[PDB]
Each structure stands twice: as structure tokens, then as C-alpha cells.
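First the structure, in the form of C-alpha cells, and then the observations on it.
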Amino acid sequence: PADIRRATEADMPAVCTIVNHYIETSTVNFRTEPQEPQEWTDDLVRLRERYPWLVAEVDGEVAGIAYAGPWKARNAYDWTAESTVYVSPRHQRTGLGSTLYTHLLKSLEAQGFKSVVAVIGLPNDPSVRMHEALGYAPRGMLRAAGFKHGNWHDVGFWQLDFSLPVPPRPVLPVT
Amino acid sequence: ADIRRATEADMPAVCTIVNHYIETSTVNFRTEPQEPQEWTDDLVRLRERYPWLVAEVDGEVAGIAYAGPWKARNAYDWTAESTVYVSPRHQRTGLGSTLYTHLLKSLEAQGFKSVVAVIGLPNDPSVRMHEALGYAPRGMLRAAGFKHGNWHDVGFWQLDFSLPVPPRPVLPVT
Ligand SMILES: CC(C)(COP(=O)(O)OP(=O)(O)OC[C@H]1O[C@@H](n2cnc3c(N)ncnc32)[C@H](O)[C@@H]1OP(=O)(O)O)[C@@H](O)C(=O)NCCC(=O)NCCS
Ligand SMILES: CC(C)(COP(=O)(O)OP(=O)(O)OC[C@H]1O[C@@H](n2cnc3c(N)ncnc32)[C@H](O)[C@@H]1OP(=O)(O)O)[C@@H](O)C(=O)NCCC(=O)NCCS
Ligand SMILES: CCCCCCCCCO[C@@H]1O[C@H](CO)[C@@H](O)[C@H](O)[C@H]1O
Ligand SMILES: CP(=O)(O)CC[C@H](N)C(=O)O
Ligand SMILES: CP(=O)(O)CC[C@H](N)C(=O)O
């Protein structure tokens, strides 16, 4: 049982703690330096009206986050979003990641986006199989795109497509 | 004249060249023409870590080739993104591939691991220039952009180098 809701500035210290754990312990994230809560708050405020940012509360505690942002800052990409999801390392494999992402994707689809792209640092079987279970299709892979944790790691692109006409209408904000 | 390092005085000419493709083609996914200072801010920020080159003909800028970061996360630091534009008239005089060759030999010498090109499709000329220089097709996003009345895919081409492990810091252009 998890309350899926919109992320607030008060959730960011907890979100920052979760993601920092994977930055240090895993190559799932290509950052090599932990983040501070305010950097997270800055991205949220800048993106939450235009892209969905969701947290999952469990027993009053933040147990995961799923958020979206722009793929690239050029206008033709405006209908292309990038998605991300992180679950606390003690609440994994309980369905929170899929529940968060399902809510994220329905918002993105209702808003009028064309597609959603996921950038997965490989290897990462849990994230690959979750994304492919929710309809993401493999699209590409850059070889040795990053050096983290003493090795070169490929990065893969997964994409989930929605149906839009020609021309597409400007996408709706979250509200 | 000829091929040299880009200066702040070259940016207006560079901006005029690229704006031509912003306004008339889908090889780049901007819909809003640019202003020379956005180029100047990038040049000054990057010219010491990444090569920024211009080609001259008759003392006039005829094309630019530059590299920059692929993604702003430190693991990507040995991965560069490459770009090249030639003025409409100077196309098919060996300028592009010659510009790109000098750009690539600098990136390999500085100690980068690979070079990535993001090509908005259709773009048969660019696909061919890149694969002729050793780039391999590595992926493609479907209908990633809408411009000029249609959806357009975008493809990724990659040129791989070889580095020792752990890799040393990339050397500056100087
Ligand atoms: C990837 C992640 C978000 C998955 O969320 P989750 O809540 O743990 O997984 P779920 O309970 O929602 O399960 C959904 C599907 O994900 C897959 N999956 C999740 N964990 C898996 C694991 N260890 N091994 C194999 N498949 C796994 C399964 O296909 C699962 O389907 P199933 O439960 O019906 O068998 C979670 O593992 C995580 O936070 N990893 C660290 C951060 C990360 O990698 N984020 C992805 C960035 S690309
Ligand atoms: C793409 C571009 C840099 C090619 O460089 P160029 O100076 O025009 O062409 P070059 O003579 O230097 O040679 C480059 C190679 O690419 C191919 N090529 C170049 N122009 C081509 C054209 N109109 N049609 C088909 N192939 C072409 C050719 O294989 C050519 O080799 P070739 O001389 O043996 O035919 C240039 O045409 C350009 O600026 N195009 C528009 C902007 C652009 O597409 N940038 C790509 C960013 S991803
Ligand atoms: C390519 C310049 C990288 C700048 C962006 C990353 C900032 C934090 C780490 O920087 C390091 O600085 C070196 C330059 O001396 C690089 O060679 C090295 O790979 C990179 O890990
Ligand atoms: C490999 P990367 O660090 O570029 C992105 C990882 C993850 N999808 C996220 O969005 O954090
Ligand atoms: C299709 P896009 O606009 O993302 C990049 C086009 C060209 N590689 C460039 O860097 O100008």
C-alpha cells in the first residue's frame, strides 16, 4: 500500500538520500558525486508544472520517486520527454516502481506527449525488464559511453511511443 | 584563412550559416534562429577542453566544426559530441570531411574515449560523411522531433577510440 502523489519541496531531502545511495553503490546513475537536496528542489520547481513529478509515500515515509523532464532543449523535441524512477533499496520488488511509472506515463500520455525516452546505464536487468514490461521498446545503445566504478559501461535507449496527429497540439501542463 | 581555431570574431558568420539550416531544413531540430552570442558563450566555455574549428575561403568563414559534452554527468567526461556545418555554397568541396578530420584527430589525441554524432533524419549526406570517417550507427529514436509539418527520427552515430584503464584526464586543446 503506497500513496502516489505529486512531489513537494519537503520530499526532496528524502529523494536525494535515495538517489545518492545508487550514485555511490551502483552504475545505474552516471553521476560520480552525491547531490544536495536544494539541487533536487531546483529541478522540481522548474519542471513540475510541465512534467509530472511523483513520490510514493509508505507508512508516512518517502519510498520512491518517478519524474520526467525534457529530452533536449530544441523546440522540435518539445513532445519528447525523458523519464526516471528510483525506489528505496528496502522497498524494492514490491511494485512501487511499476505503480509510480504507470501513473507517470498516464499523465504524460494525457498531456499530449509523443514519446517517453529512458536512458539506462548498463548493465541493469531490473530497470530493463521493468521498462520493457510497461511497453518501452529498445531503440539504441552507445558503447563505453561512460567510465564509472573502474569500468566502461554502455548506455541504452528505451522509448515508449504515443499516437499524435500531424500537426501535434502543444502539450498540456500537469495541472 | 583555410582551417584554423575558431575565435569570437567568427561567431556572427557561424551563426548565419547554421541559421540557414535551422530555417530551411530538419537536419537540426531548432525552430528558432540563433543569435551569435549563444555561440560566443559556448566557445569561451568549451574551447580549451574541446576543439572549435572554422574553415575559411577567400578570408571568409565557410564552415564550423566543434565538439562539446555529451551529457553533464561525470562518467560521460571521456565522451564527446561532434557537430559540423558548411555554408550552403561550399558544400561538396571536401570542406566538411576535411573540417571533421582535423576535429577528430584532436579528440583522439586529447584522450577522449569516443565521439557521438546526433543526426536528424533524413540526412543522407551527413550519414555518409560520418560512416565514411568510421562512425558506426548505434541507435535511433522514433519521431523524436516535429518540424516543418512532419515527425522526424533522430539517429546516433559513434566513433570509438581506445583508452587505458583507469583513463587519464583528457588533455586540454592547448
Ligand atoms: C528499477 C526499479 C525502479 C524497479 O522498481 P521495483 O519497484 O523494485 O520493481 P517492481 O516491484 O515495480 O516490479 C516491476 C518489474 O520490474 C522487474 N524487476 C524489478 N526488480 C527486478 C529484479 N531484481 N530483477 C529482475 N527484474 C526486476 C520485474 O520485471 C518486475 O516485474 P514483476 O514484479 O511482475 O516480476 C528498482 O529496482 C530500483 O529502484 N533500482 C535502482 C534505481 C534504478 O535502477 N532506476 C532505474 C533507472 S533507469
Ligand atoms: C554534411 C556536410 C558537412 C558535408 O560536408 P561537405 O563539405 O558539404 O562535403 P565534402 O565535400 O566535404 O565531403 C563530405 C562527404 O560527405 C558526402 N556528402 C557531402 N555532401 C553531400 C551531398 N549533397 N549529397 C550526398 N553526399 C554528400 C559525401 O560522401 C562527401 O564526400 P565526397 O566529396 O567524396 O562526395 C555539409 O554538406 C553540410 O553542412 N550539410 C548541411 C548541415 C548538416 O547536415 N550537418 C550535419 C550535422 S549532424
Ligand atoms: C572533459 C572535461 C570534463 C569536465 C566535466 C566533468 C567535471 C568533473 C570531472 O572532470 C574531469 O576533468 C578532466 C579534464 O581535465 C577530464 O578529463 C575528466 O574525464 C573528468 O572526469
Ligand atoms: C545513465 P544516466 O545517468 O545518463 C540516466 C540514469 C537514469 N535513467 C536517470 O535518469 O537518473
Ligand atoms: C538533430 P539535433 O538538432 O539534436 C543535432 C543536429 C546537429 N548534430 C547539431 O549538433 O547541430
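For the protein sequence lines, the chains are X and V, in the order given.
Position 100 (the first sequence) corresponds to 106 in full-length UniProt numbering; numbering is contiguous.
Position 50 (the second sequence) corresponds to 57 in full-length UniProt numbering; numbering is contiguous.
Virtual Cβ for every residue (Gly too), placed ideally from N, Cα, C.
- Contact with chain V is absent for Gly-141 (chain X), since none of that chain's Cβ atoms lies less than 8 Å from the residue's Cβ.
- A direct Cα-Cα distance of roughly 43 Å separates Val-177 (chain X) from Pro-174 (chain V).
- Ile-126 (chain V) has its Cβ nearer than 7 Å to a heavy atom of ligand 5.
- A residue is called buried once 16 or more other Cβ atoms fall within 10 Å of its Cβ, and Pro-171 (chain X), having fewer, is exposed.
- Secondary structure in the segment 59-142 of chain X: the alpha helix (DSSP H) runs of 4 residues or longer, each lying completely within the stretch, are 102-117, 131-139 in chain order.
- The shortest C-alpha to C-alpha distance from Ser-94 (chain X) to any of X:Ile-71, X:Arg-145, X:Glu-88 is the one to X:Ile-71.
- Interface criterion met: the Cβ of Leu-148 (chain X) is under 8 Å from a Cβ in chain V.
- For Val-21 (chain X), the enclosing alpha helix (DSSP H) begins and ends at 18-31.
- Cβ-Cβ distances below 8 Å link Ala-13 (chain X) to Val-21, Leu-50, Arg-54, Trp-59, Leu-60, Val-61, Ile-71, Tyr-73 in the same chain, with the five nearest sequence neighbours on each side left out; the list follows chain order.
- Distance from the CA of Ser-121 (chain V) to the CA of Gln-98 (chain X), rounded to the nearest whole angstrom, comes to 35 Å.
- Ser-89 (chain X) is classed as buried because its beta carbon has at least 16 other beta carbons within 10 Å across all chains shown.
- A residue is called buried when at least 16 other Cβ atoms come within 10 angstroms of its Cβ; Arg-11 (chain X) does not meet this threshold and is exposed.
- At least one C-beta of chain V is nearer than 8 Å to the C-beta of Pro-173 (chain X).
- Taking CB atoms only, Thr-108 (chain X) has no neighbour in chain V less than 8 Å away.
- Taking 7 Å as the cut-off, one finds no heavy atom of ligand 5 near enough to the beta carbon of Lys-154 (chain X).
- Taking 8 Å as the cut-off, the Cβ atoms of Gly-146 (chain V) and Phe-163 (chain X) count as close.
- The segment 127-137 of chain V and the segment 107-118 of chain X do not touch, with fewer than 3 CB-CB distances between them shorter than 8 Å.
- Bounds of the alpha helix (DSSP H) holding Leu-53 (chain V) are 43-53.
- Under the Cβ criterion (8 Å, minimum of three pairs), the segment 153-163 of chain X counts as touching the segment 21-41 of chain X.
- Residue contact with chain X for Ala-82 (chain V): present (Cβ-Cβ distance below 8 Å to some residue of chain X).
- Against chain X, a Cβ distance below 8 Å from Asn-157 (chain V) picks out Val-172.
- Against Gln-165 (chain X), the close residues of chain V are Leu-148, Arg-149, in the order they occur along the chain (beta-carbon pairs closer than 7 Å).
- According to the DSSP secondary-structure assignment, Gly-146 (chain V) is paired through a beta bridge with X:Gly-146, V:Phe-163.
- CA-to-CA, the gap between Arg-96 (chain X) and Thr-108 (chain V) works out to about 51 Å.
- For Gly-118 (chain X), no chain V residue has a Cβ inside 8 Å of its Cβ, as the nearest lies near 12 Å away.
- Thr-90 (chain X) has its CB nearer than 7 Å to a heavy atom of ligand 4.
- No residue range can be given for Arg-175 (chain V), since it is assigned to no beta strand (DSSP E) and is classified by DSSP as neither H nor E.
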